[PDB]
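Residue numbers (UniProt numbering), protein chains in the order written: chain A, 17 to 41; chain B, 1 to 80; chain C, 2 to 151; chain D, 12 to 151; chain E, 2 to 98; chain F, 1 to 91; chain G, 2 to 130.
The C-beta atom is built at its ideal place from N, Cα and C for all residues, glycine as well.
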RNA sequence: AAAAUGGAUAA
RNA sequence: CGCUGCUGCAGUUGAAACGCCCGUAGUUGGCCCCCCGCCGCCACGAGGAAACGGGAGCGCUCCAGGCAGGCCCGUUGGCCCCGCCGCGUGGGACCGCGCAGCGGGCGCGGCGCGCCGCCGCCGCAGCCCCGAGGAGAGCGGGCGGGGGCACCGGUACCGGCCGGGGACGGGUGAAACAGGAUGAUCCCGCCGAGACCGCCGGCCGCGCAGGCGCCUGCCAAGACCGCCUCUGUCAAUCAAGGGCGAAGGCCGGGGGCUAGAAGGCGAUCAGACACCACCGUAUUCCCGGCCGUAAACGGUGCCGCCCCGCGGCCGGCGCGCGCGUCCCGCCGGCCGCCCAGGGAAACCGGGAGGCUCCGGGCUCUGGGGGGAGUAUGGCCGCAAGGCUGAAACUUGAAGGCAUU
């Protein structure tokens, strides 16, 4: 799996983005 | 054999499905049965899927079948 | 091809090309017309009468031996079911499924058959309502199906 | 299937092309209006600028050369753009903090050939034509 | 490209088949992509053909025979040579050899 | 109407306090006590919970022991089903 | 649902004449499919026709002298302006010299030549060559 | 059973 | 630039049929009933600003021009175009929408007709198309790993035994870690537990898909076929909406055998924290919930119809033969080869054929390759995330099937 690993990497960035937004909001 | 659809051999129409005929219509017909007191015609539906009863009797003349209905007594062909 | 399944079959009943009254041994018109009405007082459904002459009497299609369809002959004597036969037959079946489902909410295939059986009722009743066969006030309700049935 | 083969499906047909039409990249850049805002030159054929610093951009790996470029600051919208001084020995004429004209490279804003990071050209330096100062017709 | 029309499985009209495991790999391949070759053999090796029957006291005793289906995975089979890589023309022919 | 958009209907009394999950079980184990159940003898939906496990047909006036929050509890409709078969086994 | 009786029926005629099939069968018949055939027989593209009046959908018999290429229906049946009947002719006709586009006009089912002789316009039914 | 690598640029 | 596809796009693999079903908007719809209204329509009009487009003539020296000019039509300078879903007259094909009795008299209805009447007045044949190889139904006949609920056996594995009884036992590629004189491994009689339903198990079947295989009992259900049953267009396909949807996840109860995300561990190599062993929590299992995804695949939407031979299977259903679980088949499927024919080809051919000789209908979806399913704005979800969905910016190829 190489494209699914890219999708997993995006989902983790998307999840870190939502925790970061919460800290600054 | 230069037969055309306008006049198809009777057996061809009789072999094909009753809707896929150049002239569509009934596959079934009326076939007689014999009963007590009767040497005459006792017509019944050929493909009866329901019980027909001995005229003036309790017992059922034709056995139920998805196809042509079968019988347990003496019977007479088509119309006579 | 089936309204609620991907089935394209063609199992159909047939009517004769020569549209003329039975030469096997047909009865008198007024007598057959009265005979169909007499069997409807015993409650025989319209399909069942058309079937009964076909095995019990001499012709399957009453219109050729008589002058008109089984329900038009019955209707003059007021024997046309108030709810048209087609709707009523499906409404009967829907209630039986509702009973099976009452005991167990587990069955899913049956729930698919209810969301299909009752869909047809709404469509056919809707056809009947504009045609005036069914009054505008009448409408199918799933909870009230048994009450409509009787 | 284009379908919608109905005498009374003109409404559907009219919109289906209007909606799908924007997908075409050329049409989308053309009428979305995103580029009319984005274009540093504002869609003008050419725009004035002040020279900020001469820069060297190495060309693509197949063609190895130090392209010479100038970073210019558009007077109209204060955007810092990179222009390529054209021809040979042109940079010697260009001076820092000097007015300049900048025009498209002709691919419609896209980079032309092997210059990395460059989308515009320097038509005039301090009013006098760049070509003129190169053809000698008008000197410094 | 579609190397084979069956797409590598015999799954037809179902959309699902019960899944078993390679005797060797233990890889799970649906029943349709499974080698499955039936095996019937004498329990002692045929090398001990009648040496056992001559040793056997009971009269007319036949050497027991195993009747087991061996279900291998596609990957395990090609490397254990149960089936080879056939040619484009060769693939269509069936006729168990 | 639409007094409570979410199913926090019965639990709308507790109010802001208590927690989402903690109120969530209550919506099923409080809808249970309040709702009427069928008198087995009368076949009328009037049985309510007089006290934990004491359940009385309001119309019938009989009293039947039942599960704490529902007249018929899940483990007991299995046990009763078992004792019907096992009695028949003797006879 | 058989949405158009004429299209399938015209495809079936053409299909028979690629397999030769001197005798051809059309199963669902409408008045228009008879009017198209008389227009074709009068032109001579097809030799003759008949319909077995079974008391249901009346099946149609088609006889083709075998000289037929493409016969298709134009639906959506756009009404054509009398002046620009030719623009439809450019797309659907092999050579301005030969071919036929049957239109429906009040005077009665009429071909492309008759329409421009009367300078009249009508909904395109189909092209027969 | 164990084996990783190979500049750019033309040829 | 048929690179926008109404003419005239592409969606099997290049980019793209939503997993499926139900379905209201829309949008599309058999056949039939000459001879009238309202359409739409069909043609012709009338009346709508010139310029402008064209367009007749006329040598500004040609011309781009212009309405001029000449011993000239009252000399000219015309003319066709403002498109105009507007407004008239005509014509009835296709195409929709038409429930409803007709008639004579009294009526020359207070300068001719009308309306609402007024009755039997015996005048009129008074008034039921047909039954879609469209459906909705009805009965029969069998078919099925189709669904629910119980009931429910069988070994296997694992844990606990008892009688042995005697030494290493696993484990692998080779080993190593664990178990053993607390008697291991091994057998054999048990016992407890939960899973799982082998072989039969398939070019089998059934389901709307996802999927579906112990024993009996129990309910409801479904196509297909048969059909001298019933209505009588009730149809198609879909926004929006409603249901279902593997696996993994998650919530609250339970369970708990086996595998086994994590975690530890051994070997493994440069390093492997990977692969191979060994141990093992979540999970697997169950019941009520969410979630809403898949290489949800035939990467092929849905109904409709014609389309060539050889087949296999399967479910009814017939006709003759000797009378068979025969032979020819008739329909609904499941499939293999493929005649045309198509396509860049691989190859589909029960379509991916009947297309540049393009037009049965309904729906979705794409427009070079990255950025990008990204950002944001929602909405739904307990979450994990799902659905809708950017741009700036970059780059010349990315990519399909083939041949060497």
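Hey, is residue 18(C)'s beta-carbon within less than 8 angstroms of any beta-carbon in chain G?
Position 17 of the third chain, counted from the start, is the residue given in the question as residue 18(C). Chain G places a beta carbon closer than 8 angstroms to that of residue 18(C), counting this residue as a contact.
Sequence-distant residues of its chain with Cβ nearer than 7 angstroms to residue 14(F) (five each side left out):
What you label residue 14(F) is simply residue 14 of the sixth chain in a count that begins at 1. Answer for residue 14(F): 23, listed in chain order.
For a contact meaning CB atoms closer than 7 angstroms, what does residue 26(G) contact in chain B?
Within the seventh chain, the letter at position 25 stands for residue 26(G). Within chain B, the residues placing a beta-carbon under 7 angstroms from that of residue 26(G) are 5, ordered along the chain.
Taking 7 angstroms as the limit between beta carbons, can you name the residues of its chain near residue 70(G), skipping five residues before and five after?
Position 69 of the seventh chain, counted from the start, is the residue given in the question as residue 70(G). The answer, listed in chain order, is 130.
Using beta-carbon positions only, say whether residue 59(G) and residue 49(G) come within less than 8 angstroms of one another.
Taking the seventh chain and counting its residues from 1, the one referred to as residue 59(G) is at position 58. Taking the seventh chain and counting its residues from 1, the one referred to as residue 49(G) is at position 48. Against a cut-off of 8 angstroms, the Cβ pair of residue 49(G) and residue 59(G) comes out as no contact.
Which whole runs of the alpha helix (DSSP H) in the stretch 66 to 105 of chain G are 4 residues long or more, in chain order?
86 to 93, all fully within the stretch 66 to 105 of chain G.
Along chain B, which residues have their Cβ under 8 angstroms away from the Cβ of residue 55(C)?
The residue labelled residue 55(C) in the question sits at position 54 within the third chain. Per Cβ cutoff of 8 angstroms: 45, 48.
Residue 139(D) vs residue 149(D) beta-carbon contact at 8 angstroms
Residue 139(D) sits at position 128 when you count from the first residue of the fourth chain. Residue 149(D) sits at position 138 when you count from the first residue of the fourth chain. Between residue 139(D) and residue 149(D), the gap from beta carbon to beta carbon is short of 8 angstroms.
Between residue 114(G) and residue 66(G), what straight-line distance do the alpha-carbon atoms span, to the nearest angstrom?
In the seventh chain, counting from the first residue as 1, residue 114(G) sits at position 113. In the seventh chain, counting from the first residue as 1, residue 66(G) sits at position 65. Spanning the two alpha carbons is a distance of roughly 23 angstroms.
According to DSSP, which residues form a beta bridge with residue 13(E)?
As a position in the fifth chain, residue 13(E) is number 12, starting the count at 1. According to DSSP, which records beta bridges pairwise, residue 13(E) is partnered with nothing at all.
Which runs of the beta strand (DSSP E) fall wholly inside the stretch 24 to 56 of chain G and span at least 3 residues, in chain order?
Inside the stretch 24 to 56 of chain G, DSSP marks whole beta strand (DSSP E) runs of 3 or more residues at positions 24 to 27, 49 to 53, from first to last along the chain.
Do residue 52(G) and residue 30(G) have their beta-carbon atoms positioned less than 8 angstroms apart in this structure?
Counting from one through the seventh chain, the residue named residue 30(G) turns up at place 29. Counting from one through the seventh chain, the residue named residue 52(G) turns up at place 51. Yes. Within cutoff.
Residue 26(C) versus chain B: which residues are under 7 angstroms apart at the beta carbon?
Reading the third chain from its first residue, position 25 is the one you call residue 26(C). The contacting residues are 43.
Is DSSP giving residue 7(E) helix, strand or coil here?
As a position in the fifth chain, residue 7(E) is number 6, starting the count at 1. Residue 7(E): coil per DSSP, three-state reduction.
What does residue 31(E) pair with, by DSSP beta-bridge criteria?
Counted from its first residue, the fifth chain places residue 31(E) at position 30. Bridge partners of residue 31(E): 20(E).
Can you tell me where the beta strand (DSSP E) holding residue 69(D) begins and where it ends?
Translated into positions along the fourth chain, residue 69(D) becomes position 58. Judged by DSSP secondary structure, residue 69(D) falls within the beta strand (DSSP E) whose first and last residues are 57 to 69.
Chain C contacts made by the stretch 14 to 36 of chain B, where a contact means CB separation under 8 angstroms:
Closer than 8 angstroms at the C-beta level to chain C, one finds these residues of the stretch 14 to 36 of chain B: 17, 18, 19, 23, 24, 25, 26, 27, 28, 30.
Under 8 angstroms between the Cβ atoms of residue 46(F) and residue 36(F)?
As a first step, residue 46(F) must be located in the sixth chain, where it is residue number 46. As a first step, residue 36(F) must be located in the sixth chain, where it is residue number 36. Result yes, Cβ atoms of residue 46(F) and residue 36(F) sit closer than 8 angstroms.
Boundaries (first-last residue) of the beta strand (DSSP E) holding residue 39(E)
Residue mapping note: residue 39(E) aligns to position 38 of the fifth chain, counting from 1. Going by DSSP, residue 39(E) is part of the beta strand (DSSP E) stretching over 38 to 43.
Taking only beta carbons into account, state which residues of the stretch 41 to 73 of chain G come closer than 8 angstroms to chain C, listed in chain order.
Cβ contacts with chain C: 55, 56.
Can you tell which of 19(D), 29(D), 114(D), 12(D) has its C-alpha closest to the C-alpha of residue 153(D)?
Only positions 12 to 151 of chain D appear in the structure, and residue 153(D) is not among them; the question remains open.
If you draw a straight line from the C-alpha of residue 49(B) to the C-alpha of residue 26(B), how long is it?
Reading the second chain from its first residue, position 49 is the one you call residue 49(B). Reading the second chain from its first residue, position 26 is the one you call residue 26(B). Here the C-alpha atom of residue 49(B) lies approximately 16 angstroms from the C-alpha atom of residue 26(B).
Could you tell me which residues DSSP puts in a beta bridge with residue 143(C)?
By one-based count along the third chain, residue 143(C) stands at place 142. As computed with DSSP, residue 143(C) is found in no beta bridge at all.
So is residue 92(E) buried or exposed if we call it buried at 16+ other beta carbons inside 10 Å?
Counting from one through the fifth chain, the residue named residue 92(E) turns up at place 91. That one is exposed.
Beta-bridge pairing of residue 34(D) - partner residues as DSSP gives them
Numbered from 1 along the fourth chain, position 23 holds the residue referred to as residue 34(D). Beta-bridge analysis with DSSP links residue 34(D) to no other residue.
Could you please give me the residues that DSSP links to residue 6(G) through a beta bridge?
Position 5 of the seventh chain, counting from 1, holds the residue named residue 6(G). Looking at the DSSP assignment, residue 6(G) forms no beta bridge with any residue, so it has no partner.
In chain order, what are the residue ranges of uninterrupted alpha helix (DSSP H) at least 4 long that sit wholly in the stretch 35 to 111 of chain C?
Those alpha helix (DSSP H) runs which fall completely within the stretch 35 to 111 of chain C and span 4+ residues are 47 to 57, 63 to 66, 71 to 77, 86 to 104.
What residue range does the alpha helix (DSSP H) around residue 1(E) cover?
This structure cannot speak to residue 1(E), because chain E is shown only from 2 to 98.
Could you work out which residues of chain C lie near residue 52(B), taking near to mean beta carbons separated by less than 7 angstroms?
By 1-based counting over the second chain, the position of residue 52(B) is 52. Going along chain C in sequence order, the residues near residue 52(B) (Cβ under 7 angstroms) are 56, 57.
If we cut at 8 angstroms on Cβ distances, does residue 13(C) have a partner in chain B?
As a first step, residue 13(C) must be located in the third chain, where it is residue number 12. Yes, residue 13(C) lies at the interface with chain B (some Cβ there is under 8 angstroms from its Cβ).
Inter-residue Cα distance where the pair is residue 43(C) and residue 21(C):
Within the third chain, residue 43(C) is the residue found at index 42, counting from 1. Within the third chain, residue 21(C) is the residue found at index 20, counting from 1. Linking residue 43(C) to residue 21(C) through their CA atoms gives a straight-line distance of about 29 angstroms.
Measure the Cβ-Cβ separation of residue 13(B) and residue 23(B) and say whether it is below 8 angstroms.
Counting from one through the second chain, the residue named residue 13(B) turns up at place 13. Counting from one through the second chain, the residue named residue 23(B) turns up at place 23. For the 8 angstroms CB-CB criterion, residue 13(B) and residue 23(B) form a contact.
Where does residue 55(F) fall in DSSP's three states?
Along the sixth chain, one-based indexing puts residue 55(F) at 55. Residue 55(F): strand per DSSP, three-state reduction.
Which residues of chain C have a Cβ atom closer than 7 angstroms to the Cβ of residue 79(B), listed in chain order?
As a working note, residue 79(B) is residue 79 in the second chain. Under a criterion of Cβ atoms nearer than 7 angstroms, the residues of chain C adjacent to residue 79(B) are, in order, 25.
Between the alpha carbons of residue 19(E) and residue 33(F), how many angstroms are there, rounded?
Along the fifth chain, read from residue 1 onward, the residue named residue 19(E) stands at position 18. Along the sixth chain, read from residue 1 onward, the residue named residue 33(F) stands at position 33. Roughly 46 angstroms between the two C-alpha positions.
Candidates 70(D), 43(D), 31(D): closest to residue 124(D) by CA position:
Position 113 of the fourth chain holds residue 124(D). It is 70(D) whose Cα lies nearest to the Cα of residue 124(D).
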